[PDB]
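One structure below.
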Amino acid sequence: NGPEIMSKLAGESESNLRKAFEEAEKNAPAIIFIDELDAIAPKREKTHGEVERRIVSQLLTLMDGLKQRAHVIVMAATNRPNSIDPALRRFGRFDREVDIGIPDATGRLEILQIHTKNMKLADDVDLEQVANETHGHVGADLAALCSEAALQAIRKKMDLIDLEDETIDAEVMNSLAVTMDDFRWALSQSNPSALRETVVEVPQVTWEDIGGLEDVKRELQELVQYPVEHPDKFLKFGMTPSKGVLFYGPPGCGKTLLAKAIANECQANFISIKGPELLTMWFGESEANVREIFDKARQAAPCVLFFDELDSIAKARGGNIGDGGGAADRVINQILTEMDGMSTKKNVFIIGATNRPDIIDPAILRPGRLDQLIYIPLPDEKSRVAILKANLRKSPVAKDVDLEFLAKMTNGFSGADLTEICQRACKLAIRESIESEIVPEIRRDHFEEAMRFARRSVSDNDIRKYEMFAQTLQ
Amino acid sequence: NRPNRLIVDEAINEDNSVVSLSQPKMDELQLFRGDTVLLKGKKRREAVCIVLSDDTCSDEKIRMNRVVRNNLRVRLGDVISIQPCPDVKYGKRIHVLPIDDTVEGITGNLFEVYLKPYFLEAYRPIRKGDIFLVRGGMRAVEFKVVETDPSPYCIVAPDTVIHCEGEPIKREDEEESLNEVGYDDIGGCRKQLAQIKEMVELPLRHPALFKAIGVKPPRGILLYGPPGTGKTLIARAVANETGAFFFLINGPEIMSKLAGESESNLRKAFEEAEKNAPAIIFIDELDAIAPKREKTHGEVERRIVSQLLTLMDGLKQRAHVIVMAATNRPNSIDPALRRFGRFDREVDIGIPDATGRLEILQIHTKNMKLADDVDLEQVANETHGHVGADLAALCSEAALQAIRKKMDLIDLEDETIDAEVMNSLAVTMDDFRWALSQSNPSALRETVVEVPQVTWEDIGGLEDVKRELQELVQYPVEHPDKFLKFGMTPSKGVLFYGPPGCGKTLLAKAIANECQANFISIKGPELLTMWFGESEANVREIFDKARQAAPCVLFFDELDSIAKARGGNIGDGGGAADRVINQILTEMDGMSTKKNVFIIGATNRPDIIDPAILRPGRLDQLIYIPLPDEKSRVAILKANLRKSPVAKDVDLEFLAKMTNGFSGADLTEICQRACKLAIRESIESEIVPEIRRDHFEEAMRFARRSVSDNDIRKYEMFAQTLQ
Ligand SMILES: Nc1ncnc2c1ncn2[C@@H]1O[C@H](COP(=O)(O)OP(=O)(O)O)[C@@H](O)[C@H]1O
Ligand SMILES: Nc1ncnc2c1ncn2[C@@H]1O[C@H](COP(=O)(O)OP(=O)(O)O)[C@@H](O)[C@H]1O
Ligand SMILES: Nc1ncnc2c1ncn2[C@@H]1O[C@H](COP(=O)(O)OP(=O)(O)O)[C@@H](O)[C@H]1O
């Protein structure tokens, strides 16, 4: 343990590092697990006092003092890869690295089942909702979440039973069952508080959640799927697979869905960097963190790395009017750099998305960075049907509702504009069944009400200004 | 289950002998209201009281004073045997003596100063050997019942006699003091006492249940808040409430010892507690011991941190202890202490608000008599920056300000001052008003978190929006079912817009009061502070307070303030993104949409607001609060003036149509200048407790409208883009 070795007297500790390993050499095969390594050897700038420096240098000697000696392994654990002294990382000492991430909704369910397996849940309890609804938790937070809900059941029920026992009865404790009402309470506590950083997972959304866009679903497949799944031809004919794609178009039309969909299609990891996280690096004047993203994407491979509203920094500085300067800025510069040094033979794949393609820096569109411009436009009447079908699967709509009539009612409605038309009806519905509480369907009279509030966010010039752009692409 | 057995419980009454049971519980026992009962608890003894009609209570459990809980040798969450003892009786003779320690330093007769106001018209059922308590004379004095008539079995009516010889006994180890701390001593804290009570309830009260079941209790508990908030007093109270040995480590104490002599003192401290289990180890100032982040200088200090870490997970089993540490700021601690298994559970004990300050003032004034004019409310309502320990000093100052007025001249020369004067000395409002003039008003000033007082009855007009807010806030917490059924996700926030002064800020505090949530207000100059100061890292610190104060409404006021400062319409060559509003969107997205925190922005310049805030999932719903109408301007003028009692010759509804585009702000000083005129003339002509129309038709001269012809319609030209 890290503190264990550092709480001892200086030189009494040196005993404890030394005699620890040959103790393991006498027992081989053996695994020496160093608990907190960055407590022992966090030397980069740290480096103060004679004793601490000596304990780092001691550990380095013991790592390559492993010569032969039969068979041991040294497994150390640390929070951040960067706190360690790089002299530990050198070959022969800690060469192999594994990244154990936070769990996602798929995995959280496994964790919850592992810790609830000794206790009986009620019939209503479905761990899914608990699993699906805790989006920031690590594993040890779910182990506390399950222990709270258990005692919330005891501080309801057996509290009154008042069994006075030096050994409590077996026949009541077994019989005590935990309801959903408890989990919903434990989720009200502070265990929801958990560590919040880059989400890395496999997106759930499949193509069946995307209406329309029949060409582009294919384009993406031939751009991503082939060069991993047919490496032969690209050697044969010789071409190099493109590194990335840039979506453009009007807002709300599904640029972001397509990205998560192709990641689910191919079972890769999806990393989303949203515009405000690029603007954070721009005001904060730290663009050194762009390098830290790619080194996560590299390590999470296969991955798709999705930069969303990539036009955000060029808008913040004024865009069309802008300042007297040009289109280079320090965050987008730092992307091009980390983009070039990336291995073109690995599986990482970059997707940008922007709805202001004119103000984008022309240096991104050169070959070898983002080659392929794809245009996702306002959907058509055939698609607006598919959109409305797609969104509403969540709520079961009645049959008197003719969507395809509502389709032609909407002209330039984007995939975003239609989604709240569905959602205001979901406000009306929930209202009246509460309103008239003092019916599990949705009726046309809802929609023709919400019709009043329908807006289009895309003007006459906006739609064509995009077209006046794509005509320069002929 | 033999349902004359009930659970003991705390008391909402201070009365020395009273029990609180609701209407059903006395009925299933089939018993009267003014009865004399009997209570047989653990450790074979008993006592008698007067029950009272209760309402709230619970299914079954008995609200009881700490005094009677102490005789019975019982503690909250234990059970007690009541059967009615309707047998009545009247006193002939009582013999009671107090104890030396509680009377130490006093002069003369005991009876009159206390017993004579005490036993009168109570008709209280004394029992023999009963240690009871009386307050007065700027202290508390204990009395025990020694030898008595028809034993034990007594009742005190004027026809009894009393006598006390004047030799006290020396109390023994078998009984526990009332000079110690209990939940009565704590005020302004209910939520946090709640949270803490059941974290420590089962493991302390019932250790063998965990020696059976395989569930793991919490070990570390960490308390927050600025100094003088009562952190030490809350941990010590709980320990003496459950009966667990309370060991106390101090930060400087451990750090003043020699290096390695200290290491002794951390080590031997815990197993000392392991030998005494159940035990609570209270670390006084933890950030004095282990403040390691950058701090980290010298070999010895680093070693003492690492020592404490080892002792926290060296708690493996070992039977049952708890470690409660207190610290000023959560961020000064070394994060290695926070990791699971060491200090996992955190409680935030905030500064008290006006509601709670009154409880604190009453707790510290309860041993002294206030004058009739004194109302602690004004003192409580008028100290807005004080923590609890400032009110404990505020009450001690006012007490001596009464002595350095009055008994200073009395010049009693005593080695033991007289009891008959000190009790008689009463404290006026004139003293409190002075103590509030001293430096104790100085106290710690940071984010106010409370429940707003203003209810809808303080808001005139705005009939739609009062509903809109209710369906936006109230439903998704109070009907989670449907949003699962139909599937929609509840909106996170609202954005008010409109003209200035029309009540955007009132609506916010009102819906927080409506729903009993906490209200956090971030005012525009506090956003501009972060913008000039170039530290937007503090936006993250607000939300982590709002998260922790949940249920909360987080109200950003004049959210247009940074866009105005950089020029707005003209502005600079740049666009609408800036670093503080950016940092809000970020912390907004990462927030749990299933928690109860709810965000309200307000702006009167909605055109210059960054369009990125209005996307779905951030602030969805624009609401427009306009200049009130003649029906409302009546309700406004009615609402403001409740403070002062207006006369009947004043026709407001005539004044209503006089005001056209007067906002809710413009009308408020029309009421206020009349309040200047009034106060003037009654001083002016001093050398009338009404307000007369001649005031108003004077103030009419000074009426202005702050909203021009274009301003009102420019807002409308905005809302027409919203069709
Ligand atoms: N083609 C589509 N199929 C299904 N849903 C869509 C489609 N286009 C838009 N939406 C809906 O619109 C919302 C916003 O789409 P988004 O992916 O944000 O587009 P953009 O990234 O261009 O703004 C999503 O919630 C999605 O449900
Ligand atoms: N919330 C409170 N209620 C009642 N008394 C308080 C409260 N807070 C402080 N006091 C008074 O202040 C004194 C010192 O408080 P203390 O426990 O030292 O605060 P902390 O431990 O947080 O520094 C206590 O004796 C108590 O009488
Ligand atoms: N509808 C109203 N009902 C009661 N008082 C109002 C109303 N509108 C404005 N006021 C008064 O105007 C003052 C300023 O209102 P405020 O909440 O600051 O509005 P805003 O936040 O738009 O400036 C408050 O003191 C309040 O008493």
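FYI, nothing fancy with the structure tokens labels: chains A, B, ... in order, residues from 1 per chain, ligands from 1 as they appear.
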Starting from chain B, keep only residues with some atom at most 6 Å from an atom of chain A, counting only C-alpha atoms, and report them as a PyMOL selection string. chain B and resi 208+303+306-307+486-487+573-575+577
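Residues of protein, DNA or RNA lying at most 8 Å from ligand 2, when only C-alpha atoms and all ligand atoms are considered, are residues 185, 186, 187, 188, 189, 225, 226, 227, 228, 229, 230, 231, 232, 233, 234, 284, 326, 352, 359, 360, 363, 364, 387, 388, 389, 390, 391 and 392 of chain B.
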For those residues, write N, CA and C atoms to a file as a PDB file, in the first residue's frame.
ATOM      1  N   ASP B 185     -30.217  21.309  22.387  1.00  0.00           N
ATOM      2  CA  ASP B 185     -29.198  22.337  22.297  1.00  0.00           C
ATOM      3  C   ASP B 185     -28.954  22.815  20.880  1.00  0.00           C
ATOM      4  N   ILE B 186     -29.460  22.111  19.886  1.00  0.00           N
ATOM      5  CA  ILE B 186     -29.159  22.396  18.497  1.00  0.00           C
ATOM      6  C   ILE B 186     -30.373  23.061  17.885  1.00  0.00           C
ATOM      7  N   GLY B 187     -30.135  24.070  17.066  1.00  0.00           N
ATOM      8  CA  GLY B 187     -31.222  24.765  16.417  1.00  0.00           C
ATOM      9  C   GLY B 187     -30.772  25.203  15.046  1.00  0.00           C
ATOM     10  N   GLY B 188     -31.745  25.567  14.226  1.00  0.00           N
ATOM     11  CA  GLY B 188     -31.454  25.870  12.847  1.00  0.00           C
ATOM     12  C   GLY B 188     -31.020  24.681  12.035  1.00  0.00           C
ATOM     13  N   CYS B 189     -31.015  23.491  12.626  1.00  0.00           N
ATOM     14  CA  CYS B 189     -30.641  22.256  11.953  1.00  0.00           C
ATOM     15  C   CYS B 189     -31.740  21.244  12.219  1.00  0.00           C
ATOM     16  N   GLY B 225     -19.025  23.421   6.640  1.00  0.00           N
ATOM     17  CA  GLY B 225     -19.570  24.666   7.095  1.00  0.00           C
ATOM     18  C   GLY B 225     -18.535  25.560   7.718  1.00  0.00           C
ATOM     19  N   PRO B 226     -18.822  26.853   7.730  1.00  0.00           N
ATOM     20  CA  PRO B 226     -17.895  27.823   8.275  1.00  0.00           C
ATOM     21  C   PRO B 226     -17.777  27.675   9.776  1.00  0.00           C
ATOM     22  N   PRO B 227     -16.733  28.229  10.382  1.00  0.00           N
ATOM     23  CA  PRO B 227     -16.542  28.056  11.821  1.00  0.00           C
ATOM     24  C   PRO B 227     -17.726  28.558  12.626  1.00  0.00           C
ATOM     25  N   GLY B 228     -17.876  27.996  13.815  1.00  0.00           N
ATOM     26  CA  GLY B 228     -18.934  28.416  14.705  1.00  0.00           C
ATOM     27  C   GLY B 228     -20.310  27.994  14.266  1.00  0.00           C
ATOM     28  N   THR B 229     -20.406  26.995  13.405  1.00  0.00           N
ATOM     29  CA  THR B 229     -21.689  26.520  12.921  1.00  0.00           C
ATOM     30  C   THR B 229     -22.249  25.405  13.791  1.00  0.00           C
ATOM     31  N   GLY B 230     -21.469  24.896  14.730  1.00  0.00           N
ATOM     32  CA  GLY B 230     -21.980  23.877  15.617  1.00  0.00           C
ATOM     33  C   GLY B 230     -21.520  22.476  15.310  1.00  0.00           C
ATOM     34  N   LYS B 231     -20.510  22.325  14.460  1.00  0.00           N
ATOM     35  CA  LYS B 231     -20.065  21.004  14.038  1.00  0.00           C
ATOM     36  C   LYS B 231     -19.630  20.153  15.222  1.00  0.00           C
ATOM     37  N   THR B 232     -18.817  20.710  16.115  1.00  0.00           N
ATOM     38  CA  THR B 232     -18.420  19.975  17.309  1.00  0.00           C
ATOM     39  C   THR B 232     -19.619  19.651  18.176  1.00  0.00           C
ATOM     40  N   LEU B 233     -20.589  20.551  18.217  1.00  0.00           N
ATOM     41  CA  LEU B 233     -21.729  20.364  19.095  1.00  0.00           C
ATOM     42  C   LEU B 233     -22.694  19.335  18.538  1.00  0.00           C
ATOM     43  N   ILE B 234     -22.678  19.119  17.229  1.00  0.00           N
ATOM     44  CA  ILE B 234     -23.585  18.144  16.637  1.00  0.00           C
ATOM     45  C   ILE B 234     -23.038  16.739  16.808  1.00  0.00           C
ATOM     46  N   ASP B 284     -11.156  17.102  15.350  1.00  0.00           N
ATOM     47  CA  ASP B 284     -11.667  18.454  15.478  1.00  0.00           C
ATOM     48  C   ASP B 284     -11.409  19.240  14.209  1.00  0.00           C
ATOM     49  N   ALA B 326     -14.490  17.155  11.151  1.00  0.00           N
ATOM     50  CA  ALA B 326     -15.090  18.427  10.796  1.00  0.00           C
ATOM     51  C   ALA B 326     -14.052  19.252  10.071  1.00  0.00           C
ATOM     52  N   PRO B 352     -27.288  29.482   9.464  1.00  0.00           N
ATOM     53  CA  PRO B 352     -28.733  29.503   9.690  1.00  0.00           C
ATOM     54  C   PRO B 352     -29.399  30.674   8.992  1.00  0.00           C
ATOM     55  N   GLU B 359     -34.638  29.899  16.567  1.00  0.00           N
ATOM     56  CA  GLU B 359     -34.464  28.734  17.419  1.00  0.00           C
ATOM     57  C   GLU B 359     -33.178  28.844  18.214  1.00  0.00           C
ATOM     58  N   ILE B 360     -32.122  29.357  17.586  1.00  0.00           N
ATOM     59  CA  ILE B 360     -30.846  29.501  18.272  1.00  0.00           C
ATOM     60  C   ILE B 360     -30.962  30.515  19.396  1.00  0.00           C
ATOM     61  N   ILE B 363     -32.777  29.081  22.288  1.00  0.00           N
ATOM     62  CA  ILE B 363     -32.014  28.085  23.027  1.00  0.00           C
ATOM     63  C   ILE B 363     -31.051  28.745  24.003  1.00  0.00           C
ATOM     64  N   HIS B 364     -30.467  29.874  23.640  1.00  0.00           N
ATOM     65  CA  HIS B 364     -29.509  30.489  24.539  1.00  0.00           C
ATOM     66  C   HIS B 364     -30.117  31.495  25.506  1.00  0.00           C
ATOM     67  N   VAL B 387     -23.610  33.201  12.117  1.00  0.00           N
ATOM     68  CA  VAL B 387     -23.635  31.771  12.372  1.00  0.00           C
ATOM     69  C   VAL B 387     -24.147  31.569  13.785  1.00  0.00           C
ATOM     70  N   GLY B 388     -24.201  30.322  14.236  1.00  0.00           N
ATOM     71  CA  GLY B 388     -24.773  30.051  15.541  1.00  0.00           C
ATOM     72  C   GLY B 388     -23.947  30.576  16.693  1.00  0.00           C
ATOM     73  N   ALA B 389     -22.632  30.472  16.604  1.00  0.00           N
ATOM     74  CA  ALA B 389     -21.779  30.901  17.695  1.00  0.00           C
ATOM     75  C   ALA B 389     -21.744  32.402  17.848  1.00  0.00           C
ATOM     76  N   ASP B 390     -22.236  33.137  16.858  1.00  0.00           N
ATOM     77  CA  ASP B 390     -22.343  34.584  16.965  1.00  0.00           C
ATOM     78  C   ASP B 390     -23.576  34.989  17.734  1.00  0.00           C
ATOM     79  N   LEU B 391     -24.607  34.160  17.678  1.00  0.00           N
ATOM     80  CA  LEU B 391     -25.810  34.423  18.443  1.00  0.00           C
ATOM     81  C   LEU B 391     -25.610  34.030  19.895  1.00  0.00           C
ATOM     82  N   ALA B 392     -24.724  33.074  20.146  1.00  0.00           N
ATOM     83  CA  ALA B 392     -24.409  32.721  21.522  1.00  0.00           C
ATOM     84  C   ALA B 392     -23.597  33.808  22.195  1.00  0.00           C
TER      85      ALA B 392
END
Counting only C-alpha atoms and all ligand atoms, which residues in chain A sit no more than 6 Å from ligand 1? For each one, give the nearest pair of atoms and the distance in Å, sorted by chain then residue number, as CSV.
residue,atom,partner,partner_atom_place_in_ligand_line,distance
A:209,CA,ligand 1,4 (C),5.4
A:210,CA,ligand 1,3 (N),3.4
A:211,CA,ligand 1,3 (N),3.9
A:212,CA,ligand 1,1 (N),5.6
A:251,CA,ligand 1,22 (O),4.4
A:252,CA,ligand 1,23 (O),3.3
A:253,CA,ligand 1,8 (N),4.0
A:254,CA,ligand 1,19 (O),3.6
A:255,CA,ligand 1,22 (O),4.2
A:256,CA,ligand 1,17 (O),3.7
A:257,CA,ligand 1,17 (O),4.5
A:387,CA,ligand 1,3 (N),4.9
A:415,CA,ligand 1,9 (C),3.3
A:416,CA,ligand 1,12 (O),3.6
A:419,CA,ligand 1,11 (C),5.9
Spatial neighbours of segment 369-386 of chain B, max dist 9 Å, only C-alpha atoms, sep filter under 6 positions, as a VMD selection string: chain B and resid 136 to 138 351 to 362 423 to 430 432 to 433 436 440 to 446
Around ligand 3, at most 7 Å away and counting only C-alpha atoms and all ligand atoms, which residues are there? Put them as an MDAnalysis selection string, please. chainID B and resid 458:462 499:506 636 639:640 663:665 668
Hey, what's within 12 Å of residue 346 of chain A if we count only C-alpha atoms and toss same-chain stuff fewer than 4 positions away? As a ChimeraX atom specification, please? /A:224,227-228,231,241-243,297-304,341-342,350
Please dump the current selection as an mmCIF file, in the first residue's frame; keep N, CA and C atoms.
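Listing of again.cif after writing:
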data_model
loop_
_atom_site.group_PDB
_atom_site.id
_atom_site.type_symbol
_atom_site.label_atom_id
_atom_site.label_comp_id
_atom_site.auth_asym_id
_atom_site.auth_seq_id
_atom_site.Cartn_x
_atom_site.Cartn_y
_atom_site.Cartn_z
ATOM 1 N N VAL A 224 -16.234 3.732 -43.292
ATOM 2 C CA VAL A 224 -15.742 3.104 -42.069
ATOM 3 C C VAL A 224 -15.502 1.607 -42.266
ATOM 4 N N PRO A 227 -12.264 -0.563 -44.864
ATOM 5 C CA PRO A 227 -10.813 -0.692 -44.683
ATOM 6 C C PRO A 227 -10.403 -1.483 -43.459
ATOM 7 N N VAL A 228 -11.283 -1.673 -42.484
ATOM 8 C CA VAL A 228 -10.951 -2.620 -41.428
ATOM 9 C C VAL A 228 -11.304 -4.040 -41.852
ATOM 10 N N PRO A 231 -8.879 -5.283 -45.580
ATOM 11 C CA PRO A 231 -7.589 -4.607 -45.762
ATOM 12 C C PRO A 231 -6.873 -5.005 -47.034
ATOM 13 N N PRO A 241 -7.022 4.626 -47.100
ATOM 14 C CA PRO A 241 -8.362 4.949 -46.618
ATOM 15 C C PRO A 241 -8.422 6.345 -46.023
ATOM 16 N N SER A 242 -9.542 7.019 -46.259
ATOM 17 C CA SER A 242 -9.717 8.362 -45.732
ATOM 18 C C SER A 242 -9.789 8.329 -44.214
ATOM 19 N N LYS A 243 -9.273 9.385 -43.588
ATOM 20 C CA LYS A 243 -9.245 9.428 -42.132
ATOM 21 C C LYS A 243 -10.570 9.900 -41.551
ATOM 22 N N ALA A 297 -8.662 8.565 -27.369
ATOM 23 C CA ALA A 297 -9.255 7.917 -28.531
ATOM 24 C C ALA A 297 -8.356 6.815 -29.056
ATOM 25 N N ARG A 298 -7.052 7.077 -29.129
ATOM 26 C CA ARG A 298 -6.107 6.024 -29.468
ATOM 27 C C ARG A 298 -6.272 4.821 -28.556
ATOM 28 N N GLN A 299 -6.417 5.054 -27.261
ATOM 29 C CA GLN A 299 -6.416 3.958 -26.311
ATOM 30 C C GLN A 299 -7.757 3.257 -26.262
ATOM 31 N N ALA A 300 -8.814 3.945 -26.648
ATOM 32 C CA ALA A 300 -10.149 3.379 -26.698
ATOM 33 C C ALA A 300 -10.464 2.739 -28.037
ATOM 34 N N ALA A 301 -9.488 2.626 -28.920
ATOM 35 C CA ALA A 301 -9.722 2.090 -30.250
ATOM 36 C C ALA A 301 -10.287 0.682 -30.185
ATOM 37 N N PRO A 302 -11.152 0.323 -31.143
ATOM 38 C CA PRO A 302 -11.740 1.119 -32.223
ATOM 39 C C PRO A 302 -12.645 2.215 -31.702
ATOM 40 N N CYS A 303 -12.539 3.410 -32.273
ATOM 41 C CA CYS A 303 -13.257 4.567 -31.765
ATOM 42 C C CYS A 303 -13.680 5.430 -32.938
ATOM 43 N N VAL A 304 -14.792 6.139 -32.778
ATOM 44 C CA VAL A 304 -15.117 7.271 -33.639
ATOM 45 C C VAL A 304 -15.120 8.522 -32.782
ATOM 46 N N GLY A 341 -0.245 13.435 -36.786
ATOM 47 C CA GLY A 341 0.618 12.450 -36.169
ATOM 48 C C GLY A 341 -0.064 11.156 -35.807
ATOM 49 N N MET A 342 -1.339 11.015 -36.127
ATOM 50 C CA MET A 342 -2.084 9.829 -35.745
ATOM 51 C C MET A 342 -1.859 8.712 -36.754
ATOM 52 N N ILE A 350 -12.451 9.929 -37.509
ATOM 53 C CA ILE A 350 -12.826 11.259 -37.046
ATOM 54 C C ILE A 350 -13.989 11.788 -37.862
#
Rounded to one decimal place, report the atom CA of residue 477 of chain B-atom CA of residue 615 of chain B distance in Å.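 Those two atoms sit 22.9 Å apart.
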Near residue 54 of chain A, within 12 Å and counting only C-alpha atoms, which residues show up once chain neighbours fewer than 4 positions away are dropped, as an NGL selection string? :A and (10-11 or 13-14 or 17 or 40-41 or 43 or 47-50 or 58-61)
Taking the chain letters and numbering used in this document, name the residues of segment 85-219 of chain B that DSSP puts in strand (DSSP E), as a list in words.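 Residues meeting the strand (DSSP E) criterion: residues 93, 94, 95, 96, 97, 131, 132, 133, 134, 135, 140, 141, 142, 143, 144, 145, 146, 147, 148, 161, 162 and 163 of chain B.
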